[PDB]
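The chain below stands alone, shown as structure tokens; this is the form deposited in one PDB entry.
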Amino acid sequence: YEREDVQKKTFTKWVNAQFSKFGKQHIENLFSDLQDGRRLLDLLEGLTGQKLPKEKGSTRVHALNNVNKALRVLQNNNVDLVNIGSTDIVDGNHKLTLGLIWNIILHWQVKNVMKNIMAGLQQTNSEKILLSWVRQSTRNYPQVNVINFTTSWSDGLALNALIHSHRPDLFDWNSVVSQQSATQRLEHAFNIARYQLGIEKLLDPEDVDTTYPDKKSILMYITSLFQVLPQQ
């Protein structure tokens, strides 16, 4: 349940969702389009709201300066970072590029989205509180019993139940239960979240309806849902 090709795809979809939020250009390849250090600075500009000027020049030292600026901003935001140096990003290291993007997603999409609730509940484990939120929210949906952020989501019922429990107005639950295809249920939830909740479709059905669902991708998407669903 730690799947790196799926992570490449879904993390890139999240990065481009941020860029869509700010009207900037999308990236096409996560292991090439971050090397010059510019688009990382664009992403951190969008996330921090601060201007992060780029170095001028097309040599390796300018990319290294850009990435050093990005890493200094991350450390200034108390971000939990992987063991990384600027050269690892400039030179296209796959695992550490994925790991930096995951550090960013976890800091902003997960921890920061959930920070006020966690300070209220006086809890620190983000996964425990998010799992409890899903479980309590879907307690009265009988086809749903979420115990993890992987296989509990594969048949598409838990996602539709999480959406429905916070917005019972959007659809009739029995219409989803009557869908025998987990692909149709997953697409149904994805389309609701995309067009009625403003969440980019970070996940494909095959990223969830699969033998080993990627835990980080699902956690990312579920915390984005937590970010936009009403919890009055």
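A residue's number is simply how far along the shown sequence it sits, counting from 1.
Student: Please compare 7-15 with 21-29 and name the stretch with the higher mean C-alpha B-factor in the deposited structure.
Tutor: Going by the record's values, the stretch with the higher mean is 21-29.
Student: Between 58-66 and 36-44, name whichever shows the higher mean Cα B factor according to the PDB entry.
Tutor: On average, C-alpha B-factors are higher across 58-66.
Student: I'd like to know which of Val134, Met118, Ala161, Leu96 has the highest C-alpha temperature factor in the PDB entry.
Tutor: Reading the PDB entry, the winner on C-alpha B-factor is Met118.
Student: Should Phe190 be placed in the lowest, middle or highest third of its chain by the C-alpha B factor in the entry?
Tutor: Bottom third by C-alpha B-factor.
Student: Considering every modelled residue of the chain and its Cα B-factor in the PDB entry, is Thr124 in the lowest, middle or highest third?
Tutor: Tercile = highest for this residue's CA B-factor.
Student: Consider only the C-alpha atoms of the modelled residues in this chain, order them by B-factor as the entry records it, and name the third containing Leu157: lowest, middle or highest.
Tutor: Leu157: CA B-factor falls in the middle third of its chain.
Student: Could you look up the Cα B-factor of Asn140 in the entry and say which third of the chain it sits in: lowest, middle or highest?
Tutor: It belongs to the middle third of the chain when residues are ordered by C-alpha B-factor.
Student: Lowest, middle or highest third: which one holds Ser224 when the chain's residues are ordered by CA B-factor from the entry?
Tutor: It falls in the bottom third of the chain.
There is another form of the same protein, the form deposited in another entry; it is not shown, and what comes next is about it.
Student: Could you say if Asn103 and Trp14 end up in a single rigid part, given the chain moves as two rigid parts between the shown form and the other one?
Tutor: Same rigid part.
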